[PDB]
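Accompanying notes for the structure given below.
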Amino acid sequence: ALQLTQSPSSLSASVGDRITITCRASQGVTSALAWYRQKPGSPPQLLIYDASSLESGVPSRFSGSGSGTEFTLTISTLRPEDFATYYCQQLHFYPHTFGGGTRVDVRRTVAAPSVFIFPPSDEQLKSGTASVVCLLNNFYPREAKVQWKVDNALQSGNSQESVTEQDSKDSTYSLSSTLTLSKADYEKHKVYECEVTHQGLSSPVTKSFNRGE
Amino acid sequence: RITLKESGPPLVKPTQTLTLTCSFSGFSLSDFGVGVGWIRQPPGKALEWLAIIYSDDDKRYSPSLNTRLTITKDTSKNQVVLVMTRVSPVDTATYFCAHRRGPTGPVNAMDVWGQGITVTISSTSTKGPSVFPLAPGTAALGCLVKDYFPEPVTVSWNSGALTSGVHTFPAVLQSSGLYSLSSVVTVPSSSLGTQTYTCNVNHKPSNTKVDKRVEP
Amino acid sequence: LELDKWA
């Protein structure tokens, strides 16, 4: 019940940059707030305890401040090993509470995704189901929106997607979405289109195949 | 110094009970104040506080998981046990146990954590994947490795001779309880009629490996 | 609500 909703929720910064991320609390939590940096693959790591105390063994570049309802955790100089997700936790009220997480990815020039749409395969099409997939390749930033349409009826609740982790080289992301219809449903509609919205495109771009032509 | 660790079943069925165990070593639960809590993290979402148990036995649970959680400590082994009943696919996540302080003022934060042991719910038996083609100057082709369980499967292209342009997305756990992931490689057209593209699929958990080529 | 030990 003790909300606490951490501000800036997806930084986008380079190495050497200086960023300040916040964590707001709905009720005052004295100075019982802790900060952690998690880096894909493993467990959370303590950086700041008691809101302003640097945890032994943690780089001097991390610092914390605030009391009651406002707390901040600054990174004087951004390191490579700093590109991860950060969390704040208050331990003043039960239940102990974590914020939603703020994540800072490597910054690169905005890149619009290359969109491809793959119709179901004839072989899959007789096992009783149809999986059509949409690929949004190498883009930045991470935020992208995919909308499926079958004969123009916006599809909702029958597609799934997963995104790769930022490429260690070109720093782009790639997404994959899967529309899964039951075979019969697939064979009684024409236009299957995948429409992508992204910072890199002025107006959304669509990709479609008309089932049997 | 202090190191805790997580044990239990990586694979659990909807309804039953998940018994996880935190084995630590660097402290004991006899030290005054010392606490050990359980924090869990869904696939790709945030941390969620579960429960905490202290040296002298109080225990606070998560108001939302209260009637499903039970935390205990056996001080002769230095393990903490957490039992979460009637689990469902939504309880699929990575479960962590962490060590909290004790007054010497800085009993204010979970300073050391176990490493994590990811649990996944799914009343589902081992099951090999069906590999379907995802096919067509930049051009994309790929393979849809469908309905396998549990993880993991491995995917390479051309027996490894082609590693750039590839992408082997994170599998998604479907409503059916089965997994499904795609592996796409981006080549430049031309080669499309002269080059050959085959994804080598291997799902060790069920002994099913599949070389499945791809084209227009 | 509810406080924690050290509050």
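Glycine gets a Cβ as well: all are built from the backbone with ideal geometry, and neighbour counts include every protein chain shown. Values in this text are rule-based calculations from the coordinates and carry no lab data.
Using a 10 angstrom cutoff on alpha carbons, build the Gaussian network for chain A and name the most mobile of A:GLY66, A:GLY16, A:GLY128.
Comparing A:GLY66, A:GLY16, A:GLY128 in the GNM, the peak value goes to A:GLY128.
Just rank B:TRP38, B:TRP49, fewest to most, by other beta-carbon atoms within 10 angstrom.
In order of increasing Cβ crowding within 10 Å: B:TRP49, B:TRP38.
Give me the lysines in straight-line cross-link reach of A:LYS126: C-alpha distance below 16 Å, same-chain residues under 8 apart excluded.
Once the sequence-local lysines are set aside, what remains near A:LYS126 is A:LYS183, A:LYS188, B:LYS146.
Put +1 on the Cβ of every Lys and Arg and -1 on every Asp and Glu Cβ in the protein assembly as shown; which of A:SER203, A:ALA1, B:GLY160 then has its Cα farthest towards the positive end of the dipole?
Going by the Cα projections, it comes out as B:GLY160.
For segment B:1-73, which trypsin sites (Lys or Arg not before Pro) are in a loop by DSSP, counting at most 11 other Cβ atoms within 10 Å?
B:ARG1, B:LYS45
I need the Kirkwood Rh of segment A:3-109: take the reciprocal of the average 1/r across all distinct C-alpha pairs and report it in angstrom.
Evaluated on segment A:3-109, it is 13.7 Å.
What is the ratio of the Cα radius of gyration of the protein assembly as shown to 2.2 N^0.38 Å, with N the residue count, to two decimals?
Normalised Cα radius of gyration, the protein assembly as shown: 1.09.
Would you kindly state how much longer the chain becomes between B:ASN207 and B:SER189 on full extension, computed as 0.36 nm times their sequence separation minus their alpha carbon distance, in nm to one decimal?
Full extension of this stretch gives 3.0 nm more.
Which of A:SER176, A:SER159, A:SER203 moves most in a GNM of chain A, Cα contacts under 10 Å?
Largest GNM mean-square fluctuation: A:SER203.
Using a 10 Å cut-off around each Cβ of peptide A:147-159, what is the average number of partner chain Cβ atoms that fall inside?
Mean partner shielding for this stretch: 0.
Which three extents, in whole angstrom, do the alpha-carbon atoms of chain A cover along their principal axes, largest first?
Projected onto its principal axes, the Cα set of chain A covers 66, 38, 30 Å.
Which percent of Cα-Cα pairs in segment B:89-187 sits in each 10 Å bin, short to long?
13, 31, 22, 18, 11, 5, 1
Does a label point 7 Å from the Cα of A:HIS189, set along Cα-to-beta-carbon, have any residues of segment A:139-156 with amide nitrogen under 20 Å, and which are they?
Once the point is set 7 Å along Cα→Cβ of A:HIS189, A:145-156 turn out to lie under 20 Å by backbone N, inside segment A:139-156.
List the chymotrypsin sites (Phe, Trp or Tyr not before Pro) within segment B:6-35 that fall in a DSSP loop (any state other than H, G, I, E or B) and whose Cβ has at most 14 other Cβ atoms within 10 Å.
Answer by residue number: B:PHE32.
Can you tell me which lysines have their Cα less than 23 Å from the Cα of B:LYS77? Leave out same-chain residues fewer than eight positions away.
B:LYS5, B:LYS59
Work out how far the C-alpha atoms of segment B:1-123 reach from end to end along every principal axis, then list the three figures in whole Å, largest first.
Computed over segment B:1-123, the largest-to-smallest principal extents equal 46, 26, 25 Å.
When the scattering of segment B:1-54 is computed by the Debye formula from its Cα atoms alone, each counted once and equally, what is log10 I(q)/I(0) at q = 0.14, 0.17 Å⁻¹?
-0.50, -0.71
Where the convex hull is taken over the Cα atoms of chain B, what is its projected area averaged over directions, in nm²?
About 15.4 nm², averaged over all directions.
How big is the dipole moment of chain B about its Cα centre under a simple scheme where the beta carbon of each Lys and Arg is +1, that of each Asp and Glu is -1, and everything else is neutral? Debye, nearest 20, please.
Computed charge dipole of chain B: roughly 200 debye.
Pull up the cross-link candidates among the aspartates and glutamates for B:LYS13, meaning alpha carbon to alpha carbon under 20 Å and not fewer than 8 places away within one chain.
B:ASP91, B:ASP147, B:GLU151
Report the residue, chosen from A:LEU154, A:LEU91, A:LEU11, that carries the largest GNM mean-square fluctuation when chain A is represented by alpha-carbon nodes joined by springs under 10 Å.
Maximum among the listed residues: A:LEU154.
What does the helix-only formula give at 222 nm for the protein assembly as shown: each DSSP H stretch with n ≥ 4 adding -39500 (n - 2.57), the total divided by the residues, and the result rounded to the nearest 500 deg cm²/dmol?
Calculated at 222 nm, the ellipticity per residue is -500 deg cm²/dmol.
Write out the trypsin sites (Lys or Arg not before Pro) in segment A:162-213 meeting two conditions: DSSP loop, and at most 12 other Cβ atoms within 10 Å of their Cβ.
Answer by residue number: A:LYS169, A:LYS188.
Measuring from label point to label point, each 7 Å out along Cα→Cβ, what is the A:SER168 to A:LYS145 span in nm?
For the pair A:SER168/A:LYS145, the computed spacing is 3.4 nm.
Evaluate E = 1/(1 + (r/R0)^6) for B:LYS77 and A:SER202, where r is the Cβ-Cβ distance and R0 equals 45 Å; express this FRET efficiency to the nearest 0.05.
0.10
Could you list log10 I(q)/I(0) for segment A:108-211 at q = 0.22 Å⁻¹, which the Debye formula gives when each Cα is one point scatterer?
-1.09
Along the Cα-to-Cβ line of A:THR77, 7 Å from the Cα, sits a label point; which residues in segment A:15-54 have backbone N less than 13 Å from it?
A:15-18
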